[PDB]
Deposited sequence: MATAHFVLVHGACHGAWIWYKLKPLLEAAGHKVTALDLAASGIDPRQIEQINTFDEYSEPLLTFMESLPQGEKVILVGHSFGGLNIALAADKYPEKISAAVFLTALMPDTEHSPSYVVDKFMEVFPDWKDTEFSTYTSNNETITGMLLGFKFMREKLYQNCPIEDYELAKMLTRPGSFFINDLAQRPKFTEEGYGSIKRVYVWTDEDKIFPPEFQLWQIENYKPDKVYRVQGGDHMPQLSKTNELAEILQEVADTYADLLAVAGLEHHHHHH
């Protein structure tokens, strides 16, 4: 069965992270949309211009409204963006796939799993942080090479160095905004795809998020780093096909 997948990147990244997965899924007859969020990819805005998590999410929210059902795939921090889109348009979503992602729940503030990630005490190495009138971050080259892309082909790490941009977790926004609702986000089917060699979201942290808000299905990507759409593209495509077969 074929589906329309909507691929959503995390902080500091863009649509380009899907450059190998997208044509592979299209070769199986799926429709694929790979978005740049605000101030991401080649979007013209700068991160200092994005004042709220809603503004950051705008390209996904606009796309969801303009839909003529889709399977959302949120990577890393993109899990928060697809949770927000699901809270708004649950009827348009066949399933939400959380790919080594921050999966929020409905019982706690949206900031909950980001705070729990901070509790992991991640080693940011050469990442640079700053503030604007929100904390922003520019991921370090060594940080990305060792903590995110270490099982990726060298050329994918080269794309990351040429294309990653300043980003933000909008932690204060997430902490003060309303909890995601049981009627919206809480109503949709969820899939978590975890990687067992992830060096920034430890597998134990991915498993904690799974236990904290049990999804309908769970897949392990053996040998995946944090970037399985780059390091494990074929394996990921097979998992997404099964997800389309299950929920379409």
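Student: Counting from 1 along the deposited sequence, which stretches were left out of the model?
Tutor: Several regions go unmodelled: 1, 70-72, 138-142, 258-272.
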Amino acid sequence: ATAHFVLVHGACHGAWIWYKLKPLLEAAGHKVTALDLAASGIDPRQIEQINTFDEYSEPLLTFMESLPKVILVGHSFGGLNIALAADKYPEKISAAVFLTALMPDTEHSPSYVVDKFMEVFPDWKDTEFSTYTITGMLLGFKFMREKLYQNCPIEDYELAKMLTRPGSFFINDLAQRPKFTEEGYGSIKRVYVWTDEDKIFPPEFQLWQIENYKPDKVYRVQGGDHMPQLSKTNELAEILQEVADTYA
From here on, numbers count along this sequence of modelled residues.
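Student: Which wins on mean Cα temperature factor, 219-227 or 180-188?
Tutor: Averaging CA B-factors over each stretch, the winner is 180-188.
Student: Output the stretch having the higher mean C-alpha B factor in the entry; the candidates are 238-246 and 2-10.
Tutor: Comparing 238-246 with 2-10, the higher average CA B-factor belongs to 238-246.
Student: Among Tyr89, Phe143, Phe77, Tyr157, which carries the highest Cα B-factor?
Tutor: Going by the entry's C-alpha B-factors, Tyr89 comes out highest.
Student: Comparing recorded Cα B-factors across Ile50, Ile210, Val193, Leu35, which one is largest?
Tutor: When the deposited C-alpha B-factors of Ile50, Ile210, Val193, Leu35 are compared, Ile50 is largest.
Student: Quick one: classify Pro59 as lowest, middle or highest third of the chain based on its Cα B-factor.
Tutor: For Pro59, whose C-alpha B-factor we compare with every modelled residue in the chain, the answer is the middle third.
Student: State the tercile, meaning the lowest, middle or highest third, of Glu26 with respect to the CA B-factors recorded for its chain.
Tutor: Ranked within chain, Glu26 CA B lands in the middle tercile.
Student: If you rank the chain by CA B-factor, which third does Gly167 end up in: lowest, middle or highest?
Tutor: Middle third of the chain for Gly167's C-alpha B-factor.
Student: For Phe121, return the chain-relative third of its C-alpha B-factor as stated in the PDB record: lowest, middle or highest.
Tutor: It belongs to the middle third of the chain when residues are ordered by C-alpha B-factor.
Student: Relative to the other modelled residues of the same chain, rank the CA B-factor of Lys69 and answer lowest, middle or highest third.
Tutor: Within its chain, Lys69 is a middle-third residue by C-alpha B-factor, going by the deposited values.
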